[PDB]
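Undergrad: Protein chains in written order, with UniProt numbering: chain A, 1 to 907; chain B, 1 to 907.
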Ligand code: FES
Ligand code: FES
Ligand code: FES
Ligand code: FES
Ligand SMILES: [Cl-]
Ligand SMILES: [Cl-]
Ligand SMILES: [Cl-]
Ligand SMILES: [Cl-]
Ligand SMILES: [Mg+2]
Ligand SMILES: [Mg+2]
Ligand SMILES: [Mg+2]
Ligand SMILES: [Mg+2]
Ligand SMILES: [Mg+2]
Ligand SMILES: [Mg+2]
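#1: Going residue by residue through the stretch 343-381 of chain B, where are the continuous beta strand (DSSP E) segments of at least 3 residues, counting only ones entirely within it?
#2: Is the beta carbon of residue 753 of chain B closer than 8 Å to that of residue 592 of chain B?
#3: Are residue 167 of chain A and residue 181 of chain A touching if we call contact CB-CB under 8 Å?
#4: Is there a Cβ from chain C that is less than 8 Å from the Cβ of residue 388 of chain A?
#5: Is the separation between the beta-carbon of residue 820 of chain B and that of residue 738 of chain B shorter than 8 Å?
#6: Return the first residue and the last residue of the alpha helix (DSSP H) that residue 393 of chain A is part of.
#7: Between residue 514 of chain A and the rest of its own chain, which residues show a CB-CB distance below 7 Å, the 5 nearest in sequence each way excluded?
#8: Beta-carbon distances below 6 Å to any heavy atom of ligand 6 define the shell here; list its residues in chain order, please.
#9: Identify which residue in B:696, B:161, B:100 has its Cα closest to the Cα of residue 186 of chain B.
#10: What in chain A is Cβ-close to residue 82 of chain B, meaning under 8 Å?
#11: Is residue 903 of chain B a contact residue of ligand 14, with contact defined as CB to any heavy atom under 7 Å?
#12: Tell whether a beta-carbon distance below 8 Å holds between residue 652 of chain A and residue 803 of chain A.
#13: Whose C-alpha, out of A:50, A:235, A:469, A:1, is nearest the C-alpha of residue 17 of chain A?
#14: Contact between the stretch 620-631 of chain B and the stretch 535-544 of chain B is defined here as three or more beta-carbon pairs at a separation below 8 Å; is this criterion met?
#15: Going straight from the alpha carbon of residue 220 of chain B to that of residue 773 of chain B, what length do you get?
#16: Would you say residue 110 of chain B and residue 49 of chain B are within 8 Å of each other, going by their C-beta atoms?
#17: Should residue 535 of chain A be listed as close to ligand 5, given that the test is whether its C-beta is under 7 Å from any heavy atom?
#18: Going along chain A, which residues have a C-beta under 7 Å from residue 192 of chain B?
#19: Is the stretch 415-434 of chain A touching the stretch 387-407 of chain A, taking contact as three or more C-beta pairs under 8 Å?
#20: Label residue 731 of chain B either buried or exposed according to how many other C-beta atoms from any shown protein chain fall within 10 Å of its C-beta, with 16 as the threshold for buried.
#21: Indicate whether at least one CB of chain B lies closer than 8 Å to the CB of residue 385 of chain A.
#22: Do you know offhand how far residue 524 of chain A's Cα is from residue 307 of chain A's?
#23: Straight-line CA distance for residue 840 of chain A to residue 135 of chain A?
#24: Does the distance from the CB of residue 842 of chain A to the CB of residue 131 of chain A come in under 8 Å?
#25: Going by alpha carbons, who is nearest to residue 192 of chain A out of A:230, A:77, A:248?
#26: Taking C-beta pairs closer than 8 Å, name the residues in chain A that residue 30 of chain B reaches, listed in chain order.
#27: Can you tell me which of A:361, A:407, A:790 puts its alpha carbon nearest to the alpha carbon of residue 615 of chain A?
#28: Check the Cβ-Cβ distances between residue 883 of chain B and every residue of chain A, and say whether any is below 8 Å.
#29: Name, in chain order, the residues that DSSP records as bridge partners for residue 618 of chain B.
#30: Name the DSSP beta bridge partners of residue 761 of chain A, please?
#31: Does any C-beta atom of chain A lie closer than 8 Å to the C-beta of residue 315 of chain B?
#32: Helix, strand or coil for residue 281 of chain A? Go by DSSP, reduced to three states.
#33: Within the structure, which residues are defined as neighbours of ligand 5 by a Cβ-heavy atom distance below 6 Å, reported in chain order?
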């Protein structure tokens, strides 16, 4: 051990450390500076950025031996605090740079380092700095972060007053549609919002820390578990196995479709008889620290009989493949789509037909924060779980029978969280922590490292797809045929539903009167399927949007004009036979057309012999809602202090559940003149907030926004004075009148798609958009650079523009990754950010352009649709279409790795 | 476990706690708020004061179940931080309220609570508030704290500008003699100075926490130790016993006198063959937490043969008493005093003689911070100890042979500390932590609780005393006889030396040409003797100063005039035959006389039938130095940045080692124009600071102050430019000239007192003073209230007046405790602050008056003497003399408990 006397955030610290200890651990654990965020732990994400003697360093790869006596360290806590914000922190708030907020401390500390060395950076200087220092963000698409740095710099430079970093009220008093900052922004930019790992450090002594004993093969029969050596190791309390589970030891898919050939009870909590994928949790070590639990987990011995593993959909779907779940065929679900007339004769007599085989793979979510959860037994006797769940009520019912509790004896709470992008539509660690809390009676905390986040959370499910179009010479679509095979890994939850998305969204955007297709879901031993932003649309619309360009090519027609010819107009129906609710695609195409023509001319002009530029187009469509007559509930409560609490379980991945609630409530409460800062939101809790539903399907703004609106309308009625005006809280209480008022809303016009035909009216509100990608391909290397993205977006009406701009930029950046670099195919190689192709700042263009063409929705609150998944529906199709424009080569199977592009160029 | 969402220091905290947990632990351990200081842990000291929903509460006795959801908490961290100080914090700095600083956070939070409920308190309102909220201070005597509250209130009330809370430079630029604040004040008032227990919380995982297995009988032969059950208990690493000690397992007294009958190697580190006092450490449990170590320590079984214990000096000194250390008589040392002619014939022929038997007991130091230390093996192979040692070099040599290390392989460092008042002139926990670090190879940390601070640290040693005076009718002293028996408990360290103090200080202040006396030191099984502020003078001068009043009474002379007649004047010698170095007692008496006469008249006027007022006088004298030719060393270094570091091992109990260094150096460096904020001090460290010596004997200002002066003079010479002016650092380095310059100083004129006669010149500088106490005695209850204390003090020249005023107030308050309420006689009853008679604020008068009558010392730096122990030399004699004045009763044996006074009143 060594004494080190240093200065941290301006205060002398008399430190006692192991010279080999990581600065991240010293700062977080010994000094309580949990504003230093840790994600990857491998020096790749910048979340743990600190200033050390004037240099920006990653604390997770800086050992204490590199910290000299007398060193100066700055963390986010030293940059500024609430009520003493630094210009960078104020700028971040104003520009909406904190979505999940997990990367915000690291970017802000890094930016301070930049500005202390270059006071007046160009935007490119800012981008080069964040690239060098590996500052990674999965939510924002980087542009808002650069905007914030530039604005702060101008203030620091005296070019602009600091008061301009403070939001100015529009002065109609209206925050709906504005750039009003989100309530959680100040906590995020100051490192004072506690995420799950932070909470773990601030839990009491006697909390047990868990480590997972995981399968190191993809498929096996388990013969036994030997824990004897692990029990003798430092700090070890006990080891938990399936024997300690008090219920069924299975997670239920809950809404398994009746025509599914499996019962939906296939997923174990702790493996008993079998390993179904690499990473499966077989046991939990409980110890006094994460480090001691992990060390002991390495010594637990599992006796297994390894079995041949099926690592792709086609392999598992082979007629003779062995059943992974004995008693259920590997191909466990099929969804037909049968619209209009038989397609065979139409294809035979059509002027033109095209066909393609396409693939979209196992995209990894890659939030900067790896999965984390904890659980405890309340003094009320209930089991409490605090996790990254974005569907607390949904998960309660998925896990309760498995853990052996009635629903009233389990409570799920959503912690503040560093992004999910859908992986948290699935249970991950909730049932594991519940089992351990129940078995030990003690609080328990489980943190995944980044390798476990990659290997042992669910993934976008690969689809192998064949799609065909028949059309007239003038480009009018006559018919479509479609076939898709969905690789769902071993766990069925929502796999059938994901397969149904193919019926709904393959070919969406156009009038197609005649469709014949079939989706099939197959169990495999690769990673299980969890929702990934877009949930079937990124697969579906990659195929159809690439195929539209192929059709345009074969007709000698411009691909934007082919889309214009076919885009939904009054009288048309979507693939499930439903009339669209608004018709904004022609408007958006017309407004994009001259920008598209200008982009074409620029690409022709600026192309060289070696660097070929191209422009690509696509349409995107997705529903806002879960299928059928989805519903939500909210409570609007006048508090004694005159503030109003709007109680919901709107789960915040980081998208803006807080500002969605405040903005929607503010608009609804305008008759009573309620200031936005007087409106409070609630963190999701199954015991004390209503069942607003999960934050999946780009649904909350519509469903919960409407419920909030109705609750607030009902609160206004409850407060109305006869003669005009409104009663105060005290007046209502004096008259023994209610102050906490419920509102509900249901999408009554919706119907579930039919099991035989696929036809129905699954959503009452959709999101519509038109993408344009501008790229350069180096034809010597095959490397593609995305130089610009544009999204024409119809969101109906904006609740908050900082929220919606950010959602779009983030989705476009994930599109670039999906198109060019991302996959989870190699269990080890793809288990790091860099290995799996995470997009760092230089991979995302600074030119991300949005044009809102909003057509108010009949059933949306104040006309709003959702936004969340719109920007990831088909940006990768636009990008691939742009590579084709540039070079003449079409990539059919994502991602467009350089070697793959080169092979195509040279064929 | 329960979730609690509350606000702490203005920030929302999502807390996860045990409802039974103490708020102090939650705040310190879970939230890292180590500004919440914990001392007594029993709700008696206020150090852990926090504001909870507008009420000031003691966090150490507030369970989390009493903290409601939505509660508001404020700790010192929420009051203000460095560079954002609250007016209370600025006021504390300006008024010198932070000495050790351990109570400062609690007083300041408490004061904020006061001012939030009463914005314009009277001084009495402030005193009533601190009494109610149990805010305890052992350093300051409370007056500076009240001064600070009043000044802050005026600013908060807009009656006075906040800039007036900032020190104004005297503008001759001179800080010597000023009220310049101490460098450590800002850290103390903000809770950002880490004391030993704070450091323990900020040590790395894998640090082992120790608990002591202690004797629960006073005297025994040990037969064995059974650790088997303890080893099976939660979190337990190992148990350490004498078998694990690698050296002699004995502490050496090091400077044991040759005529001592013991070898000075009597004190074990871990008991092997015997228990010598209640509390002796027999084993150490090493565990993952203090709580787990303590729980397991309760299960270690010690097999003992209890022996009859001698619990007082007279009991142990009986001719037939059994030897506690077999082979050494219990009476192990005697010091004669033989000055002038045989006293028998002089007493026989004298006009008047008086005699008394007196007792001063086992006063407990009662710092607010209980003992704490830690140790580790450095990567350099050395063993490092960080403790409350106030003699790091001294303790290194006292313990090294016992622990089994050569002096170069052990390093002792003084942590910031919450007071000692001399108990840390002894080793306490240093050898224990060293043994455990060496045995385990791991960092180890040991914190005593308050009961262990009381039972198992050393104490003022009781003295049974008989003193006699012979005098002429005109009051001229002719002769003195003296006999004292010193109860040193079982461990000899510095016991002989303490006994020698009786020869030096019984009757000090007066010309006494003929003295015959004998001091004896006896081992007992009550608590071992450690230095307590005054170190023999409080015993010695209680006897002689009470006896002077008895002599005045018998002569019918005023007791101030009797002292005036006899006080040292040129030509006189002190008891050891040495000429005083200055003669300030007549001056001080003359200046006090009219105040004394006025106080007498007020007492007569304001006395009632039931409440009798009185006035008492005493003189105090003590040396500044350790005996003989004491010495110190300092290094003055010009740093590259133009600051100057003054390297010393001046140990800071809280008295002001920091400001002593800065003020002394500043004065010495004036020719080169060095600003005070450019002068840095060093925390004591045996490896990297010179052997400046211990902070005992009121010596550092003289010895180390002179060394600092000489080093700085030498640095000036090193920096001098030919032609005038001074070179810069860069200029000196360019010329390869030295920048770190040594200075030494020795008290060359001093000699050790003789073993046969007691005669010598032990100190070259003494401190001189005259006390006046004003009291009221309720003759129905026997309760004494001290209404006023005055000290006339000759300190030569003041280094810093905030330091010296505070030292005097603190000593006067300890005097009031020694006179009226304090002891450690009952092992259990006196093991709490309240049980042992700690003086809370109402026990200390607001009227504490100082008059400086400074006569510059020939050998002091810039004429300075020490101050530390002066104010505790005889204030308790003045107080007892005042009770006599008031009521006619003399208390001979301290303390003057009410029942004891009543029995005397009624006899
Ligand atoms: S770079 Fe340190 S946590 Fe990712
Ligand atoms: S806001 Fe950057 S990772 Fe979420
Ligand atoms: S009153 Fe809480 S530590 Fe003393
Ligand atoms: S300053 Fe108050 S206890 Fe030391
Ligand atoms: Cl391909
Ligand atoms: Cl490649
Ligand atoms: Cl008495
Ligand atoms: Cl009493
Ligand atoms: Mg500022
Ligand atoms: Mg038509
Ligand atoms: Mg190749
Ligand atoms: Mg202020
Ligand atoms: Mg004389
Ligand atoms: Mg009695």
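Built from N, CA and C at the ideal position, the CB exists for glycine as well.
TA: Straight from the coordinates:
#1: Under the rule that a run must span 3 or more residues, the beta strand (DSSP E) segments found entirely inside the stretch 343-381 of chain B read 352-360, 372-377.
#2: no
#3: Contact flag set, yes.
#4: This model lacks chain C altogether; the protein chains it does include are A and B.
#5: Not in contact: residue 820 of chain B and residue 738 of chain B (Cβ atoms no closer than 8 Å).
#6: Here the alpha helix (DSSP H) through residue 393 of chain A covers 392-403.
#7: 339, 340, 341, 343, 346, 478, 479
#8: Here the list is A:897, A:898, A:899.
#9: Taking only the C-alpha atoms, the option nearest residue 186 of chain B is B:100.
#10: Per Cβ cutoff of 8 Å: 10, 11.
#11: Yes; taking the cut-off as 7 Å, the Cβ of residue 903 of chain B has a heavy atom of ligand 14 nearer than that.
#12: no
#13: A:1
#14: yes
#15: 45 Å
#16: yes
#17: no
#18: 11
#19: For the pair of segments examined, the stretch 415-434 of chain A was found to touch the stretch 387-407 of chain A: the number of CB pairs separated by less than 8 Å reaches three.
#20: By the Cβ neighbour-count rule, residue 731 of chain B is exposed, with fewer than 16 other Cβ atoms within 10 Å of its own.
#21: no
#22: 13 Å
#23: Their backbone Cα atoms lie some 8 Å apart in a straight line.
#24: yes
#25: Ranking A:230, A:77, A:248 by Cα distance to residue 192 of chain A puts A:77 first.
#26: 202, 203, 204
#27: For residue 615 of chain A, the nearest C-alpha among the options comes from A:790.
#28: With 8 Å as the cut-off, residue 883 of chain B does not count as an interface residue toward chain A.
#29: According to the DSSP secondary-structure assignment, residue 618 of chain B is paired through a beta bridge with B:771.
#30: A:751
#31: With 8 Å as the cut-off, residue 315 of chain B does not count as an interface residue toward chain A.
#32: strand
#33: A:891, A:892, A:893
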